[PDB]
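Visitor: Contents are compact mmCIF, C-alpha atoms; file name model-v9.txt:
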# COMPACT_ATOMS: atom_id res chain seq x y z
CA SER A 27 0.00 0.00 0.00
CA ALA A 28 0.86 3.67 -0.20
CA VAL A 29 1.46 3.69 3.52
CA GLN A 30 3.93 0.85 3.47
CA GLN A 31 5.80 2.55 0.60
CA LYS A 32 5.95 5.79 2.55
CA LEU A 33 7.10 4.04 5.74
CA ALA A 34 9.81 2.27 3.77
CA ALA A 35 10.93 5.59 2.32
CA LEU A 36 10.93 7.13 5.78
CA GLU A 37 13.06 4.27 7.01
CA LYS A 38 15.50 4.62 4.11
CA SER A 39 15.81 8.32 4.77
CA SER A 40 16.50 7.74 8.46
CA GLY A 41 19.39 5.27 8.24
CA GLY A 42 17.87 2.99 10.86
CA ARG A 43 15.38 0.18 11.28
CA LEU A 44 11.74 1.11 11.80
CA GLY A 45 8.98 -1.11 13.12
CA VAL A 46 5.33 -0.03 13.07
CA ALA A 47 2.10 -1.65 14.01
CA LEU A 48 -1.28 0.03 13.79
CA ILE A 49 -4.52 -1.56 14.93
CA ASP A 50 -7.66 0.30 13.89
CA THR A 51 -10.32 -0.89 16.33
CA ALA A 52 -13.07 0.26 13.96
CA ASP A 53 -12.62 -2.84 11.76
CA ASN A 54 -9.74 -4.65 13.53
CA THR A 55 -7.56 -3.96 10.50
CA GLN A 56 -3.81 -3.82 11.01
CA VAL A 57 -0.99 -2.01 9.26
CA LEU A 59 2.42 -3.54 9.86
CA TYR A 60 5.93 -2.58 8.91
CA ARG A 61 8.59 -4.99 10.15
CA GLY A 62 5.74 -6.11 12.37
CA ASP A 63 7.29 -9.46 13.30
CA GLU A 64 10.87 -8.30 13.84
CA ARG A 65 12.24 -7.94 17.33
CA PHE A 66 13.12 -4.54 18.66
CA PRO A 67 14.52 -3.49 22.03
CA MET A 68 11.64 -2.28 24.12
CA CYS A 69 13.58 0.02 26.42
CA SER A 70 11.13 1.91 28.62
CA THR A 71 8.08 0.80 26.69
CA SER A 72 8.45 -2.30 28.87
CA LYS A 73 7.28 -0.22 31.80
CA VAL A 74 3.71 -0.51 30.62
CA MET A 75 3.85 -4.29 31.17
CA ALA A 76 5.31 -3.94 34.66
CA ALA A 77 2.70 -1.45 35.70
CA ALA A 78 -0.11 -3.55 34.25
CA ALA A 79 1.18 -6.62 36.02
CA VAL A 80 0.97 -4.78 39.34
CA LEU A 81 -2.50 -3.57 38.45
CA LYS A 82 -3.48 -7.18 37.80
CA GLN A 83 -2.22 -8.13 41.26
CA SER A 84 -4.37 -5.39 42.74
CA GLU A 85 -7.53 -7.06 41.47
CA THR A 86 -7.13 -9.59 44.29
CA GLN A 87 -5.04 -7.49 46.73
CA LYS A 88 -7.44 -4.58 46.76
CA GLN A 89 -5.19 -2.24 48.76
CA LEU A 90 -1.92 -3.11 46.97
CA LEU A 91 -1.56 0.19 45.16
CA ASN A 92 -1.51 2.01 48.50
CA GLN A 93 1.34 -0.14 49.83
CA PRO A 94 4.32 2.06 50.74
CA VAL A 95 7.66 1.10 49.33
CA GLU A 96 10.94 2.46 50.67
CA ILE A 97 13.20 4.40 48.35
CA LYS A 98 16.77 4.01 49.56
CA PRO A 99 19.89 5.65 48.07
CA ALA A 100 21.10 2.28 46.85
CA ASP A 101 17.90 1.96 44.84
CA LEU A 102 18.66 4.93 42.65
CA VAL A 103 19.91 4.18 39.18
CA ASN A 104 20.66 6.39 36.22
CA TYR A 105 17.39 8.31 35.66
CA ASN A 106 15.08 8.74 38.66
CA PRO A 107 13.31 12.08 38.38
CA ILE A 108 10.54 11.19 40.79
CA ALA A 109 12.19 8.62 43.02
CA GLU A 110 14.98 11.11 43.76
CA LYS A 111 12.34 13.34 45.35
CA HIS A 112 11.45 10.60 47.82
CA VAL A 113 14.83 9.14 48.82
CA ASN A 114 14.74 8.02 52.47
CA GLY A 115 10.98 8.11 52.30
CA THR A 116 8.30 5.99 50.73
CA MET A 117 6.26 5.98 47.57
CA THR A 118 3.16 3.87 47.12
CA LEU A 119 2.92 1.32 44.35
CA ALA A 120 0.48 3.61 42.62
CA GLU A 121 2.95 6.49 42.81
CA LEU A 122 5.72 4.24 41.52
CA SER A 123 3.53 3.05 38.66
CA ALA A 124 2.72 6.66 37.75
CA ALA A 125 6.34 7.65 37.93
CA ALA A 126 7.47 4.76 35.78
CA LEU A 127 4.85 5.52 33.18
CA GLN A 128 4.59 9.31 33.12
CA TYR A 129 8.19 10.26 33.81
CA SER A 130 9.93 7.02 32.76
CA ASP A 131 11.51 6.75 36.16
CA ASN A 132 13.94 3.84 36.17
CA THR A 133 14.04 3.35 39.94
CA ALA A 134 10.27 3.11 39.90
CA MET A 135 10.46 0.40 37.24
CA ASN A 136 12.92 -1.59 39.32
CA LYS A 137 10.59 -1.44 42.29
CA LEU A 138 7.74 -2.71 40.11
CA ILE A 139 9.95 -5.55 38.86
CA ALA A 140 10.83 -6.44 42.46
CA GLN A 141 7.16 -6.47 43.44
CA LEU A 142 6.55 -8.99 40.68
CA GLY A 143 9.41 -11.27 41.75
CA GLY A 144 11.91 -10.32 39.07
CA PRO A 145 11.83 -9.91 35.33
CA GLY A 146 10.39 -13.38 35.06
CA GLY A 147 7.31 -12.12 36.86
CA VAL A 148 6.77 -9.38 34.28
CA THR A 149 7.25 -11.85 31.48
CA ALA A 150 4.82 -14.22 33.15
CA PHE A 151 2.11 -11.60 33.09
CA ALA A 152 2.63 -11.12 29.36
CA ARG A 153 2.24 -14.86 28.86
CA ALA A 154 -0.87 -14.90 31.04
CA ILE A 155 -2.62 -12.38 28.81
CA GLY A 156 -1.55 -14.19 25.64
CA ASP A 157 1.60 -12.37 24.61
CA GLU A 158 4.10 -15.09 23.73
CA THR A 159 6.59 -12.61 22.29
CA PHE A 160 7.39 -10.13 25.02
CA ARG A 161 10.41 -10.97 27.09
CA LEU A 162 11.86 -9.00 29.95
CA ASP A 163 15.23 -10.33 30.97
CA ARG A 164 16.97 -7.54 32.83
CA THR A 165 16.33 -4.68 35.19
CA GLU A 166 17.06 -1.00 34.76
CA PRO A 167 19.28 0.33 33.38
CA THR A 168 20.84 -2.62 31.57
CA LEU A 169 17.63 -3.57 29.75
CA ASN A 170 18.31 -0.59 27.47
CA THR A 171 21.53 -1.83 25.91
CA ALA A 172 19.65 -2.48 22.66
CA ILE A 173 22.45 -4.53 21.17
CA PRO A 174 21.69 -5.57 17.59
CA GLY A 175 20.55 -9.12 17.43
CA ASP A 176 20.25 -9.59 21.17
CA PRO A 177 16.82 -11.06 21.95
CA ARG A 178 16.85 -9.93 25.57
CA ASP A 179 14.25 -7.32 26.50
CA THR A 180 12.60 -7.30 23.11
CA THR A 181 9.22 -7.65 21.56
CA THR A 182 7.73 -7.21 18.12
CA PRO A 183 5.54 -4.35 17.00
CA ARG A 184 2.67 -6.67 16.24
CA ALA A 185 2.80 -8.29 19.65
CA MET A 186 3.04 -5.05 21.55
CA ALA A 187 0.19 -3.48 19.62
CA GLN A 188 -2.04 -6.43 20.40
CA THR A 189 -1.03 -6.39 24.08
CA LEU A 190 -1.49 -2.66 24.43
CA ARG A 191 -4.96 -2.98 22.89
CA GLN A 192 -5.89 -5.71 25.36
CA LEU A 193 -4.63 -3.77 28.35
CA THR A 194 -6.26 -0.44 27.53
CA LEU A 195 -9.26 -1.10 25.31
CA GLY A 196 -9.84 -4.76 26.08
CA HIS A 197 -10.44 -6.58 29.30
CA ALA A 198 -7.06 -8.06 30.26
CA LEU A 199 -7.43 -5.94 33.37
CA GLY A 200 -10.34 -5.25 35.63
CA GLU A 201 -12.44 -2.20 34.94
CA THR A 202 -10.93 0.05 37.60
CA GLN A 203 -7.43 -1.10 36.68
CA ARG A 204 -7.88 -0.50 32.99
CA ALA A 205 -9.21 2.95 33.67
CA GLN A 206 -6.24 3.67 35.88
CA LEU A 207 -3.79 2.53 33.24
CA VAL A 208 -5.52 4.72 30.60
CA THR A 209 -5.42 7.68 32.94
CA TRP A 210 -1.74 7.14 33.57
CA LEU A 211 -0.91 6.85 29.85
CA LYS A 212 -2.93 9.97 28.97
CA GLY A 213 -0.87 11.86 31.52
CA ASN A 214 2.46 10.90 30.08
CA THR A 215 4.93 13.79 30.10
CA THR A 216 7.68 12.46 27.80
CA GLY A 217 5.82 12.01 24.53
CA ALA A 218 5.37 15.42 23.04
CA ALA A 219 7.98 15.01 20.28
CA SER A 220 7.14 11.41 19.39
CA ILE A 221 3.84 9.94 18.07
CA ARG A 222 1.85 12.92 19.41
CA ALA A 223 3.80 15.32 17.20
CA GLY A 224 2.62 13.61 14.02
CA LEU A 225 -1.05 13.63 14.98
CA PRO A 226 -3.83 16.23 14.90
CA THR A 227 -3.69 18.29 18.09
CA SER A 228 -7.34 17.50 18.82
CA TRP A 229 -6.76 13.75 19.15
CA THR A 230 -6.29 12.36 22.64
CA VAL A 231 -3.21 10.22 23.04
CA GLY A 232 -1.97 8.03 25.81
CA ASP A 233 1.58 6.79 25.23
CA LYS A 234 4.80 5.47 26.65
CA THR A 235 8.15 6.36 25.14
CA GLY A 236 11.37 4.49 25.31
CA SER A 237 14.94 5.20 24.49
CA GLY A 238 18.18 3.38 24.73
CA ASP A 240 21.52 2.78 23.20
CA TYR A 241 21.92 2.33 19.43
CA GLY A 242 19.78 5.48 19.15
CA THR A 243 16.78 3.40 20.04
CA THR A 244 13.71 5.60 20.02
CA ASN A 245 10.32 4.03 20.70
CA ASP A 246 6.79 5.04 21.49
CA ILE A 247 3.61 3.04 22.00
CA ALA A 248 0.30 4.73 22.02
CA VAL A 249 -3.43 4.46 22.22
CA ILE A 250 -5.13 7.16 20.22
CA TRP A 251 -8.67 8.44 20.60
CA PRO A 252 -9.57 10.56 17.57
CA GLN A 253 -12.61 12.80 18.18
CA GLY A 254 -15.69 10.96 16.81
CA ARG A 255 -13.95 7.81 15.62
CA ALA A 256 -12.91 4.46 17.06
CA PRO A 257 -9.56 4.39 18.81
CA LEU A 258 -6.33 3.25 17.29
CA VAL A 259 -3.31 1.51 18.79
CA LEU A 260 0.04 2.53 17.30
CA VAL A 261 3.47 1.12 18.13
CA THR A 262 6.58 2.71 16.59
CA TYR A 263 9.99 1.25 17.30
CA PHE A 264 13.22 2.59 15.82
CA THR A 265 16.83 1.60 16.28
CA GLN A 266 20.07 2.49 14.54
CA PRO A 267 23.32 0.81 13.67
CA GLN A 268 25.73 2.97 15.71
CA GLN A 269 25.93 2.36 19.43
CA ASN A 270 26.16 6.10 20.20
CA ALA A 271 23.53 7.25 17.69
CA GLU A 272 21.34 10.05 18.80
CA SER A 273 17.64 9.73 19.44
CA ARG A 274 15.33 10.25 16.50
CA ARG A 275 11.90 11.11 17.90
CA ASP A 276 11.14 12.85 14.61
CA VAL A 277 11.06 9.50 12.90
CA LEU A 278 8.28 8.39 15.18
CA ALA A 279 6.36 11.61 14.61
CA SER A 280 6.76 11.13 10.88
CA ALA A 281 5.58 7.56 11.01
CA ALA A 282 2.52 8.60 12.96
CA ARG A 283 1.83 11.33 10.41
CA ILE A 284 2.06 8.83 7.55
CA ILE A 285 -0.34 6.50 9.34
CA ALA A 286 -2.75 9.32 10.16
CA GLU A 287 -2.87 10.18 6.42
CA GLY A 288 -5.27 7.39 5.46
CA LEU A 289 -7.64 7.05 8.37
Will you turn the file into structure tokens for me?
Guide:
Amino acid sequence: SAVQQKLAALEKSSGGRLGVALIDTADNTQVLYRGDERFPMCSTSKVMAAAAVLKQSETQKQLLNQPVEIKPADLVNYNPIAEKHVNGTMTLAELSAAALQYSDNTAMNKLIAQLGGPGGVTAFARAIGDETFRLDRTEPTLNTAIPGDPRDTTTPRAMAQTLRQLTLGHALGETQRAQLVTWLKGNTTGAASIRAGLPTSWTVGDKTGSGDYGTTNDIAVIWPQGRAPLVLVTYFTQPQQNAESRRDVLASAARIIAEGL
């Protein structure tokens, strides 16, 4: 299609490797570009950790209010919110919000610990039918994004389907789904990514990710005004370990997708 030709041209112009998956929930149609290739998730993996904790809270009704200590040894490389609470506590809800809306890496590690390690996050993916997602490491080493390395990867197709189930479907309970949607809509790190390629009137909930090899990712649910929602995953990675981030590629991919709907 025109769209796949324009995404391939965008990719060629960028020098990197682009993966896109769009689900249009109007007709359940999908648009895929490198949809079954693995890409490093980087911080887009935080959505799965937060959702796994939300799933636990369906049985442990008070779990999100559980206070969790933030100690100096817990701090890693990027902790904008946790740093504000060192030698204090944050609740699991606050940690989930921080991981999602500020991409706080300490917060992610606390979520992973709550789930019993990376294997607990992966298990949740398997439990909701995602056989592709794999979380192998904690922060910050899950962002190494080494070409070919299957650790901490997923495919665009799988992540789009999982994000749909978590936000628009019923993989989570009603209150949990609504909480996740509220958290995603409040993301603070996404302005230059998918959102920048979309009409300003559309409501977007997203999670960005970035890592080495100039890896620049964003996963979003999109609510156009008067029109069924869309799920859009855009993953991008580059051949040079020290490449700079290319959020513009994600914006451009979103724009190409939006031309057509």
Visitor: For each of A:191, A:274, A:244, A:75, take the minimum atom-to-atom distance to residue 161 (chain A), counting all atoms listed in the file, then give the residue where this is smallest.
Guide: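 Answer, going by the shortest atom-to-atom distance: A:75.
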Visitor: At a cut-off of 8 Å from (8.6, -5.4, 11.1) in the coordinates of the file, what residues are picked up using only C-alpha atoms, written as a list in words?
Guide: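 All residues meeting the 8 Å criterion around (8.6, -5.4, 11.1) are residues 44, 45, 46, 59, 60, 61, 62, 63, 64, 65, 182, 183 and 184 of chain A.
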Visitor: Please report as a Markdown table every residue of region 79-182 of chain A lying within 12 Å of region 192-201 of chain A, along with the nearest atom pair and their distance in Å (one decimal), using only C-alpha atoms.
Guide:
| residue | atom | partner | partner_atom | distance |
| --- | --- | --- | --- | --- |
| A:79 | CA | A:199 | CA | 9.0 |
| A:80 | CA | A:199 | CA | 10.4 |
| A:81 | CA | A:199 | CA | 7.5 |
| A:82 | CA | A:199 | CA | 6.1 |
| A:83 | CA | A:199 | CA | 9.7 |
| A:84 | CA | A:200 | CA | 9.3 |
| A:85 | CA | A:200 | CA | 6.7 |
| A:86 | CA | A:200 | CA | 10.2 |
| A:88 | CA | A:200 | CA | 11.5 |
| A:151 | CA | A:198 | CA | 10.2 |
| A:152 | CA | A:198 | CA | 10.2 |
| A:153 | CA | A:198 | CA | 11.6 |
| A:154 | CA | A:198 | CA | 9.3 |
| A:155 | CA | A:198 | CA | 6.4 |
| A:156 | CA | A:198 | CA | 9.4 |
| A:157 | CA | A:192 | CA | 10.1 |
Visitor: Excluding residue 259 (chain A) and residues on its chain fewer than 3 positions from it, collect all residues at most 9 Å away from it, counting only C-alpha atoms, and give them as an MDAnalysis selection string.
Guide: chainID A and resid 47:51 187:188 190:191 247:251
Visitor: Restricting the calculation to all atoms listed in the file, which member of A:53, A:158, A:272, A:166 is positioned closest to residue 106 (chain A)?
Guide: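 Of the candidates, the smallest distance to residue 106 (chain A) is held by A:166.
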Visitor: Could you jot down the CA of residue 173 (chain A) to CA of residue 262 (chain A) separation for me, Å, one decimal place?
Guide: 18.0 Å
Visitor: Please measure the separation of CA of residue 133 (chain A) and CA of residue 238 (chain A), giving the value in Å to one decimal.
Guide: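 Atom-to-atom, CA of residue 133 (chain A) and CA of residue 238 (chain A) are spaced 15.8 Å apart.
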Visitor: Mind checking which residues fall within 7 Å of region 145-147 of chain A, counting only C-alpha atoms, ignoring those fewer than 2 positions away in the same chain, and posting them as a list in words?
Guide: residues 139, 142, 143, 149, 150, 151, 162, 163, 164 and 165 of chain A
Visitor: Quick one: what's the axis-aligned box for region 42-52 of chain A, all listed atoms, 5 Å on every side, centre and edges in Å to one decimal, as lines of an AutoDock Vina configuration file?
Guide:
center_x = 2.4
center_y = 0.7
center_z = 13.6
size_x = 40.9
size_y = 14.6
size_z = 15.5
Visitor: Need to verify the contact set: region 125-130 of chain A, 12 Å, all atoms listed in the file, exclusion of same-chain residues closer than 5 positions in sequence. Can you return it as a VMD selection string?
Guide: chain A and resid 69 to 78 104 to 112 117 to 120 135 to 139 166 to 167 206 to 218 232 to 237 246 to 247
Visitor: What's the separation between CA of residue 285 (chain A) and CA of residue 29 (chain A), in Å to one decimal place?
Guide: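 Taking CA of residue 285 (chain A) and CA of residue 29 (chain A), their separation equals 6.7 Å.
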Visitor: Can you tell me which residues surround residue 113 (chain A) at a distance of at most 8 Å, considering all atoms listed in the file, apart from same-chain residues fewer than 3 positions away, and format the answer as number ranges by chain?
Guide: A: 96-99, 109-110, 116
Visitor: Under the rule that all atoms listed in the file are counted, which of A:148, A:100, A:222, A:31 is the nearest residue to residue 286 (chain A)?
Guide: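 Looking at the shortest contact to residue 286 (chain A), the residue is A:222.
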